[PDB]
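Residues per chain are reported as follows:
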Amino acid sequence: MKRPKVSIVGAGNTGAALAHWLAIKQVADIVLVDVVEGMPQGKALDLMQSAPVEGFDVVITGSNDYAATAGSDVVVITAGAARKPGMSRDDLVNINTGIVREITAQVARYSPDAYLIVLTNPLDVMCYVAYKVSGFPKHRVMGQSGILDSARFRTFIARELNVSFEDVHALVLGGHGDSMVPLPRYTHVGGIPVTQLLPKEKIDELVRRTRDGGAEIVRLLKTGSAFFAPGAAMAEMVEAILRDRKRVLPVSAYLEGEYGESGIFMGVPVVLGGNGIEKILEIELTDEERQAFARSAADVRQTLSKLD
Amino acid sequence: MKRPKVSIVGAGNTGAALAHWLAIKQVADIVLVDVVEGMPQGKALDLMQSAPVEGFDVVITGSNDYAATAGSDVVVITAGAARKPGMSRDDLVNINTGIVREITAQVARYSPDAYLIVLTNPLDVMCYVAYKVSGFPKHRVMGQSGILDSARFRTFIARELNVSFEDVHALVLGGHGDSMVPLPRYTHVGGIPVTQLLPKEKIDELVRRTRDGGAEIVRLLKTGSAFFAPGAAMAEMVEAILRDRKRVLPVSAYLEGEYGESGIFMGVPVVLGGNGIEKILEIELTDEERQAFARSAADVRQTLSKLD
Amino acid sequence: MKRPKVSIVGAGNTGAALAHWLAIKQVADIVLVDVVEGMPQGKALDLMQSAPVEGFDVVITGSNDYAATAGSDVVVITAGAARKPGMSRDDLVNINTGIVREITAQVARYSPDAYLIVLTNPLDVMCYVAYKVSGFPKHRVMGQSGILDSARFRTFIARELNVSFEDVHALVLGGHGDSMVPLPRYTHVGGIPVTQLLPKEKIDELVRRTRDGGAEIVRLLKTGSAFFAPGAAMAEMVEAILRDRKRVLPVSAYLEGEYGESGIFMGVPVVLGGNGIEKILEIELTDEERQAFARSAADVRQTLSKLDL
Amino acid sequence: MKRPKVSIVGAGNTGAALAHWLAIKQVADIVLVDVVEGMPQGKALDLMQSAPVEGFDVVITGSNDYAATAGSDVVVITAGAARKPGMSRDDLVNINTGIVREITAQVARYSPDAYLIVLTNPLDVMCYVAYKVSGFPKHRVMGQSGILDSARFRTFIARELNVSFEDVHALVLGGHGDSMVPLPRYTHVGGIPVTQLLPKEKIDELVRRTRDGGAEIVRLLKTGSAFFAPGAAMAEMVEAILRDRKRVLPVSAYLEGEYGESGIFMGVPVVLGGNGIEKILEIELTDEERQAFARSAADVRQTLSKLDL
């Protein structure tokens, strides 16, 4: 009877890629919001001008005003600073904390009932910021990070074996880089565990390339970071809510005892559907995987205690 | 540039459903062939008349003459007799041997370079008949069986857990019913082994329903067999070839030592691509599983002995 | 968020083909309903078993009970009888009248706010039956006819010129066969009026093939009627509503003054969106075209005059 | 069976948007080429990392080496300089003539059987440069311009009427801005000529906005130009060739008598298929349209007369 509404805060490469992925799925009308005058308006009109050629019926508009986001079903935060050389990890956390706080207060006011998906680095912590500033219940606040790590690892496995991208699957817990918990046991090619298809040496190498995945694209582009794959990872989450798909994906979810952790967001396997985070799946981990998850959890917990 | 050509022999519900699944993928022009005058012509013109509405550019024609199939990249055999009341195992094998022989001789004459996909039951046996009558090298001859059993098992799991159909995966070896070799270890939900999510008793029931899956659709329809999901399973195999996808799928493939068997077709994991069966994947089986495969193989081998 | 619900009454070739086209669009969960025990259950389960292979997340179920249709956003009626040996013209219509009335009373009870789409022939008359039995307002009741005639005409033109099915467009008014009002002036190939690309005699022969298009498939199949293209045309209408697309399509709509007619369904150009028939567009017609539309309307009133209203 | 191969020269926003639209169609393996080290490599690997999530089987790679384009079925040239404050039409022609010449010499060497699609401004002139430098026959060289102008016009009409983007169609002849030939008679909504649905003043306004559409996006973005829609327009042309769709589209094509002109590229309606430009359709023009097309032709011919090739 009426199409749902998605607002994307940050009309940069990742925000505009997300709008592109969502337009082709015909899942919602889209509002692109950004502080820079003219930019979201132009990307929005440009994308909508592809509609007659590409077949899709969705309206894409741009604003510099959070009021344009009123009555959104899903709001995606793609805005944030990247770490400049001569900038502490704490300086990144403090800058992005202020960015995510201000965006969340504005969007939670214009869409009190929204689902909130965060991308801003560092992701597990920026999800906590969004959670506490919005006042939304836990099922309505989440972050993209595990789907992107998973997507890169699947890509490297598929190219290494030369098999279909559709047939390679991987669950990854934790965050990006050193906070990541790859799971070879939860990594399959057409149902076949990857440990049967690649030697340990090659799996460890592909795991290292996954940990360094975002940095590898930053090195090749030289200015700016990845946008196609992060856009796609977010588009999957938006669509899993709007079409009630009950996807089983790794997402940054608020924990209240799962994996022995309370009071933090971590990258965990969830059922994602029309009521948002519908279930957190607690899977079997080795002592080593549990200890890696716990260490990543401890780092997130002590970063939170330093937030304004 | 010219679109590839696929011929479908048997324009019953299954052949037509396959034509439908192939048309929407925009993967080839499609020729439907059948002995029944008017039927392939009428179904072909109907499906093609959907093109302006559904937006695909595919030409679909019907014929009663195997000449219409000349120069096909792929030919799919869906034709065969229903096992009628009081008809023995051996009578069906004998009727369908003659049907498959006559069709294969004709399609091999008009498309000496084609890939051949068989659906006719009993499927592992009919694959052998088509292979010997065609004279085609083993990489060009294969049967659809495992993808359909895999699909039904995945459906039942997805509905049991109420999760996305996209996120449940299962490898099944062997043929339908009693010759089927389910692999719980090779069955996952979002990378999570299904043994962590469903009790043994439930998994066993879902396996029994999968063995019985074709008969179940038969009992409900009362006349005729499944067509939608057999159609979709065949469409995946046709597309895997035409688009060089290198899909990792269970398909009936000619063995010369793989899984300790020679001189028969069995349901095994393959890499399916632009050169047909490009690899047979040899996976870890338990003693029980290897024995169940050995039994399925012996049964196939004795059927082949009786007939020519 | 919850996916919308579509019920299809009639689980024959066209009902099942419609379910298939809807499933690949991922637009709704689908309930198939038929009187024949097992059939809708069997077709639904088979189609849903394609879902892990084909990538779609929708639940398809079947029932012999109209209660399974409760709370449908869209209900599509595909059931109806074809003319038999020894059966009169007026008997066929009376039999379809009964079938549509019984279905409509059951589906309007279980989904009082639904949009209702009718396929049953004779299509404009059966829409009027559905409209009166349902008590639904006029924006919520409509029939599929013109899209299928448009699609056939477009397919014949595209095959004649050897051009993309995507770049041939045709607006067709009225019903099937003799009730159809084809409009060569509103028929285009990438924006080029088809009268610049095909001479008069060819256009007349492609119009004739379109008028006879349904009977052509019937002659070839020998038992049963077309199902792929009627299925596609209905799926386009169901989607136009559920995703509020505001499609500009020929559908059977209830007229209250449009084209000088009031009190009947006729095939006309509409804006079809999430509030159903949002607008009936009144296009420029020649005197002959207007007279052809008036005679098609008159044959609708001739058919209704014999029905137990 | 092997997937076809498309190379894209220029891995800026437009080249990258093109690769995205092509990846989703699953139509070809893609190679991005650019002079800037790391950039095509990064965009390629980023796009290909979306594949497991979006369900496409296409390999996307990036190179600074033209040799990586060897054996392409289609090569798309998206590279070129934009007009900066204080450079004449002549400066732009000579700069872009130098860029397209160096690109065409390389890509024509590595793929002597390729179809060449040009984006580089000014488009009709830059197509003649690619045609002359490649030595390819006329069916194998073409430019994207009319599809983008049509798409913008169709977008403005659809949003003015609040109707489906799928049901608004427009053929546009000639090039961008003042060279554009809008055709209200070849512009329809669900088959209805747009002159029946909008007053002439509003049409005239949507035409002015179309002539200016390129500059409008540049004003809003402030750095850089449109990329999504130009990307989609080029993707439609690439797909038309690789799947032999025989689409009926406005493209820049080499004329040898058509529309009264020889020895130039102009924006004309073509059938685009597996053999590139398979036909040029000669449509009915009013005196004013014929005169505007002739003036633009004379202008293009004069610009060609001053180039060395």
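Residues numbered from 1 in each chain as written, not as in the entry; some residues may be left out. Chains lettered and ligands numbered in written order. Heavy atoms only, no water.

- As recorded in the PDB header, X-ray crystallography is the method behind this entry, and the stated resolution is 2.1200 Å.

### Examining the interface of chain B and chain C
Next up, step 1: In this assembly, 51 residues from chain B lie in contact with 52 residues from chain C.
Next up, step 2: Together, the buried faces of chain B and chain C total about 4,400 Å²; carbon and sulfur atoms form 66% of this surface.
Next up, step 3: For chain B, the biggest contributors to the area lost against chain C are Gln49(B), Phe165(B) and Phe228(B); these three give 16% of the whole.
Next up, step 4: Linking chain B with chain C are two salt bridges, by the criterion used here.
Next up, step 5: Between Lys25(B) and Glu54(C) there is a salt bridge whose closest N-O contact spans 2.8 Å.
Next up, step 6: Taken together, the links from chain B to chain C amount to 22 residue pairs in polar contact. (Contact = heavy atoms within 4.5 Å. Buried area = accessible area lost by both parts, 1.4 Å probe. Salt bridge = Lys/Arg side-chain N within 4 Å of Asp/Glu carboxyl O. Polar contact = N/O pair within 3.5 Å; in protein donor to acceptor, adjacent residues only side chain to side chain.)

### Overview of the UniProt feature "active site" (unreviewed entry) in chain C
All names here are of chain C.
Next up, step 1: Those residues carrying the UniProt feature "active site" (unreviewed entry) are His176 in this numbering.
Next up, step 2: Within the secondary structure, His176 sits in the loop between strand 7 (168-174) and strand 8 (180-189).
Next up, step 3: Once residues lying within four places of it in the same chain are set aside, the contact partners of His176 are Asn121, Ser145, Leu148 and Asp149.
Next up, step 4: Here the side chain of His176 touches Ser145 through a polar contact of 3.4 Å, side chain to side chain. (UniProt positions renumbered as here; feature names shortened; annotations may be inferred. Helix = DSSP H or I, 4+ residues; strand = E, 2+ residues; numbered from the N terminus.)

### Overview of the pairing of strand 11 (residues 262-273) of chain C
Residue and element names in this part refer to chain C.
Next up, step 1: The element strand 11 is largely enclosed, with a buried count of ten among its twelve residues.
Next up, step 2: Where strand 10 (residues 247-256) lies against strand 11, nine bridges are found, and the strand directions are antiparallel. Paired with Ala253 across the bridge in strand 11 is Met266.
Next up, step 3: Here strand 10 hands over to strand 11 after five residues, with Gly257 in that stretch at a positive phi of 120 degrees.
Next up, step 4: Relative to strand 12 (residues 276-280), strand 11 runs antiparallel, the two sharing four bridges. The partner of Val270 across the bridge, within strand 12, is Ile280. (Buried < 20%, exposed > 50% of the residue type's maximum accessible area, 1.4 Å probe, protein only. Pairing = 2+ DSSP bridges.)

### Regarding the sheet that holds strand 7 (residues 168-173) of chain D
Residues and elements named next belong to chain D.
Next up, step 1: Overall, antiparallel pairing links the three strands, which are arranged 7-8-9 in an open sheet. Each of the sheet's edge strands pairs with one partner strand only, and the pair in question is strand 7 and strand 9 (192-193).
Next up, step 2: Lying on the sheet, helix 10 (residues 287-305) is in contact with strand 7 and strand 8 (181-189); it crosses strand 8 at an angle near 130 degrees. (Axes fitted to C-alpha atoms, helices over the stretch in contact; angles between N-to-C directions.)

### Regarding the interface of chain B and chain D
Next up, step 1: Contact residues are listed per partner, giving 17 residues for chain B and 16 residues for chain D.
Next up, step 2: Across the chain B-chain D interface, the total number found is two salt bridges.
Next up, step 3: In this structure, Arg245(D) engages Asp57(B) in a salt bridge whose closest nitrogen and oxygen atoms are separated by 2.8 Å.
Next up, step 4: Put simply, chain B and chain D have nine residue pairs in polar contact between them.
Next up, step 5: For the side of chain B that touches chain D, the leading source of residues is helix 9 (residues 228-242) of chain B, giving three residues.
Next up, step 6: Along the lines of polarity and charge, the residues of the side of chain B that touches chain D split into five nonpolar, four polar and eight charged. (Nonpolar A, V, L, I, M, F, W, Y, C, P; charged D, E, K, R; others polar.)

### Comments concerning the domain arrangement of chain C
Residues and elements named next belong to chain C.
Next up, step 1: Considered domain by domain, chain C is made up of domain 1 (5-144) and domain 2 (151-305).
Next up, step 2: If you average the C-alpha positions of domain 1 and of domain 2, the two centres end up 22 Å apart.
Next up, step 3: Facing 33 residues of domain 1, the contacting portion of domain 2 comprises 35 residues.
Next up, step 4: Summed over both partners, the interface of domain 1 with domain 2 buries about 2,900 Å², with 72% contributed by carbon and sulfur atoms.
Next up, step 5: Considering only the side of domain 1, the residues that lose the most area to domain 2 are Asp124, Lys138 and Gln144, jointly responsible for 20% of the buried surface there.
Next up, step 6: At the junction of domain 1 and domain 2, the tally comes to two salt bridges.
Next up, step 7: Its salt-bridge partner being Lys138, residue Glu256 comes within 2.6 Å of it at the nearest N-O pair.
Next up, step 8: Along the contact surface separating domain 1 from domain 2 lie eleven residue pairs in polar contact.
Next up, step 9: Elements that contribute at least two residues to the side of domain 1 that touches domain 2 include exactly helix 1 (13-25), strand 4 (74-77), strand 5 (115-118), helix 5 (123-134) and strand 6 (141-143).
Next up, step 10: Considering each element in turn, the side of domain 1 that touches domain 2 owes the most residues, seven residues, to helix 1.
Next up, step 11: The residue makeup of the side of domain 1 that touches domain 2, split by class, is 21 nonpolar, eight polar and four charged. (Domains from an automatic or database assignment.)

### Overview of the pattern of salt bridges
Residues and elements named next belong to chain D.
Next up, step 1: Following the criterion strictly, the structure yields 83 salt bridges over all chains and no others.
Next up, step 2: Where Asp204 meets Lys200, a salt bridge forms, and the shortest distance between an N and an O atom there is 3.5 Å. Highlighted residues: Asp204 and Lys200, both in helix 7 (residues 200-211), separated by four residues, approximately one helical turn.
Next up, step 3: Using a relative accessible area of 30% as the deciding quantity, one classes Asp204 as partly exposed.

### Topic: the domain arrangement of chain A
Residue and element names in this part refer to chain A.
Next up, step 1: Its domain assignment divides chain A into domain 1 (5-143) and domain 2 (146-305).
Next up, step 2: Between the C-alpha centres of domain 1 and domain 2 the distance comes to 21 Å.
Next up, step 3: With 30 residues of domain 1 at the interface, the matching set in domain 2 holds 32 residues.
Next up, step 4: Interface area, domain 1 with domain 2, both sides summed: about 2,700 Å², of which 74% is carbon and sulfur.
Next up, step 5: Inspection of the domain 1/domain 2 interface yields one salt bridge.
Next up, step 6: Here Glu256 makes a salt bridge to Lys138, at a shortest N to O gap of 3.1 Å.
Next up, step 7: Between the two partners, domain 1 and domain 2, sit nine residue pairs in polar contact.
Next up, step 8: When residues in the side of domain 1 that touches domain 2 are grouped by element, the largest group, seven residues, is from helix 1 (residues 13-25).
Next up, step 9: Considered class by class, the residues forming the side of domain 1 that touches domain 2 number 20 nonpolar, six polar and four charged.

### Points about the UniProt feature "binding site: substrate" (unreviewed entry) in chain A
Next up, step 1: Here, the residues flagged by UniProt with the feature "binding site: substrate" (unreviewed entry) are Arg83(A), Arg89(A), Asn121(A) and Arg152(A). On the basis of their most widely separated C-alpha atoms, the annotated residues across 70 residues do not gather in one place, lying as much as 24.4 Å apart.
Next up, step 2: Its place among the elements puts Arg89(A) in helix 4 (residues 89-110).
Next up, step 3: Judged by relative accessible area, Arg89(A) falls into the exposed class, the value being 63%.
Next up, step 4: Looking at the element boundaries, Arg152(A) is found in helix 6 (residues 146-161).
Next up, step 5: Setting aside its immediate chain neighbours within four residues, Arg152(A) contacts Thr210(A), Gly213(A), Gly214(A), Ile217(A), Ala226(A) and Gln49(D).

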